[PDB]
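First comes one chain, alone, set out as structure tokens in the form deposited in one PDB entry.
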């Protein structure tokens, strides 16, 4: 029995071993209570404003759109403390952990951004943080690993399975299965078992709320579409949530197409995978024909979650949101274009979203359209990657 519906249509649920169900029910109840609590809301807003730097800017990109009838704005989550939107929801989850009387945080991370985010929130709020990270990811993200440790978190390499994000996800759940009485699991995206998809959307929905107010101020109308990359689905649902009931506003999510969908080396399970049950939820998964879970491939390390949030699968099924994919070369081209024409270095994750906006503009340059791209993070971390390719 739960307070809120754990499903978005057929997708979602609470597919964890029975021993973890009390922890999920406890978290759901704490969340419902926090959402009606003016003191919790004031505390969250204060950290968002005075620690993280909200509200973030909405930047118009006239150099990019010159000569066309596209007007494009970027929502500047690259300017949030930590360099990516993940900071919003780790602060709310840290506060939920304290509300429940927990003193320890467990988190998983792939590219490391979620681990840095979890470590910074835990340092600020006095929580003891341990992070699980696939050993292959530890090897290729030494900078992030060192940032986590400078912030006082313990980083534990995971060598099982493929030694990447999914295996860190498993290990986090194995730990929580034994430590839930003292530790909160600070999950990194809008996926996993209920209530996580719902809590992560609500702790990211200020992205879309601010965007709406900002665009109304600057243009006096809502966007024709809002566009966001989809790794696990958090930045995209945070941008989409406030516009879901605005039927005229398009919601476009962009999964990584890797080397190309036809090559099979991609990370686009929503449109090109198959529904399965893993990580606590029923959702589209990267998996073999026999049901073994597989990795997502992208030039961008952070779009590596091999499934997708159940709310996105639901919005897709009813046709409220549209999902597309962008390849590695398209993302690289968008990264180069933003640097040169606007002086902003975008994360290679966010570059997928910007690449799809550029295609909408270039393919029909005389179509009048007001677009917002969620610039989910900054790309200083990606310059070596981009340098080596080039």
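For the two forms, the rigid core is made up of the largest set of C-alpha atoms that agree within 1.5 Å on superposition. Positions refer to the first chain, counted from 1.
According to the PDB record, 381 to 389 carries the higher mean C-alpha B-factor of the two stretches 381 to 389 and 4 to 12. Of the two segments examined, 78 to 86 and 106 to 114, it is 106 to 114 that shows the higher average Cα temperature factor in the deposited entry. In the PDB entry, the Cα temperature factor peaks, among 342, 330, 39, 349, at 39. Highest CA B-factor among 242, 210, 290, 224, as stated in the entry: 290. Annotation for residue 57: CA B-factor lies in the lowest third of the chain's modelled residues. Ranked against the other modelled residues of its chain, the C-alpha B-factor of residue 157 as given in the entry falls in the highest third. For residue 300, the recorded CA temperature factor ranks within the highest third of the chain's modelled residues. When all modelled residues of the chain are sorted by CA temperature factor, residue 66 is found within the highest third. Among the modelled residues of the chain, residue 267 sits in the middle third by CA temperature factor in this PDB entry.
Same protein, other form: the form deposited in another entry, not shown, and the subject of what follows.
After superposition on the rigid core, the single residue among 320, 259, 99, 159 whose C-alpha moves by 2 Å or more between the shown form and the other one is 159. Comparing the forms between the shown form and the other one, the C-alpha position of residue 78 differs by less than 2 angstroms, with the core used for superposition.
With a cut-off of 2 Å and the rigid core superposed, residue 141 has a Cα displacement that reaches or exceeds the cut-off between the shown form and the other one.
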